[PDB]
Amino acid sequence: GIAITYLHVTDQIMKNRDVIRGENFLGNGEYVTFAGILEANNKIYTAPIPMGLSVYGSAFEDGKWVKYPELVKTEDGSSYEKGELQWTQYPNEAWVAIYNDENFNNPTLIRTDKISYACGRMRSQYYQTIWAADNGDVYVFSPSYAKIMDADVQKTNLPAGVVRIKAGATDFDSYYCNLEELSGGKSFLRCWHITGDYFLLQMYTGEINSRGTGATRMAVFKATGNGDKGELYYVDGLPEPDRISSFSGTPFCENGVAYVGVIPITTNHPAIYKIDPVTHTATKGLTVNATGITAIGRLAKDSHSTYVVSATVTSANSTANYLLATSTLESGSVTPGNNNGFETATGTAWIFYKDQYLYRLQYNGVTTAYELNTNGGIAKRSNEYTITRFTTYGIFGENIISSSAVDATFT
């Protein structure tokens, strides 16, 4: 099944939705994992990523759903159980579920056969690759991660691509762009929206792989460019790919540009680069004297406002996190210890709710949230929450929403 957890930002109350049946979510017996929770056109868009057949799914009605019997596991051994069929049997399609509100009732399920499933993958993580333009059009990106499946029958033959759901529509239109062709042969680990119809793509430099290696380049994608066919320019001004260790997972977008955390290979300090989608150019800005960058955003209260950069500090015997205030992302440096810091425990994920709150999502382990006081200083909200492991998260209305696939057990 699929579990949904709500974190109300005004009332500071957590709620768990009744579990949604994941079995046979798409009509083929397979169960799904939600990837992305996207607010657009007063609706929730998610990509139900197929996971294969459960022990129940494969046995149901004498193998009704089993297309490839040879893939059903014959014993236990991302482990697996006897009777499971790992990964989808239908890799040459993508589904999108559209919900009217945060209750997750009566989805509108639509399918396209032009792309594989819409999510990025790195080991156990799922990356959101469904995003909305400023006009409400929803673009569904697929990197075709299924290319690297061991069994040929589970590999997709579709190149990395993108389709579109126009604002206020309940099905896909005629739009299609081959992103592997547009990039010159490379796929992307994940993607983000910058502004208008511009999108930011973190590209592989080699082949798609489960460990996310070689995703050390960035490209800007204009969806309606070249007569509604797509247009792409690789970003210039970033460090050379062999010098980049990682990018921060969530860019901060403002004034039509995107700010991205870049962590070099090791003195070399992380820094925030501004990416202008019009010029496809990157300029080095704020230096972060820490191990890594885990969040970038703004917090404001009354007359005060400031950029907040969550910075990780990892030593040989400990790891820590600091919320660092700064007036600019384009110049200077921030250092933990210059009074402007607010120490916090490391978090699984970080997300800003507008400029009001910064939520530190942590499972197992407690989840916390932060804001700005009437003096302009970072402060911790009163209520903490214990949430279950999640594979995706997002915001709809006044609710931060987390989602995960769960197993039904009897004890």
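One rule holds for the numbers: they count along the sequence shown, beginning at 1.
Unmodelled deposited residues flanked by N364 on one side and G365 on the other: Unmodelled stretch: 4 to 9 residues.
Does the chain run continuously from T266 to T267, or are deposited residues unmodelled in between? Answer none, 1 to 3, 4 to 9, or 10 or more. The entry leaves 4 to 9 residues without coordinates here.
Mean C-alpha B factor from the entry: is it higher for 276 to 284 or for 333 to 341? The stretch with the larger average C-alpha B-factor is 333 to 341.
Out of 299 to 307 and 190 to 198, which stretch has the higher average CA B-factor listed in the record? Result of the comparison: 299 to 307.
Compare the CA B factors listed in the entry for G214, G184, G83, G161 and report the winner. Most elevated C-alpha B-factor of the set, per the entry: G83.
Checking the entry, which one of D236, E93, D152, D101 has the top C-alpha B factor? Across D236, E93, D152, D101, the entry lists the biggest C-alpha B-factor for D101.
Could you tell me which third, lowest, middle or highest, the C-alpha B-factor of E30 occupies within its chain? Middle third - that is where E30 ends up once the chain's C-alpha B-factors are sorted.
Divide the modelled residues of the chain into thirds by Cα B-factor and specify which third, lowest, middle or highest, holds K67. Middle third - that is where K67 ends up once the chain's C-alpha B-factors are sorted.
CA B-factor ranking of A369, expressed as a third of its chain: Tercile = lowest for this residue's CA B-factor.
If you rank the chain by CA B-factor, which third does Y359 end up in: lowest, middle or highest? Its C-alpha B-factor, which the entry lists for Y359, ranks in the middle third among residues of this chain.
Quick check on the deposited entry: does the C-alpha B-factor of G136 sit in the lowest, middle or highest third of its chain? Highest third.
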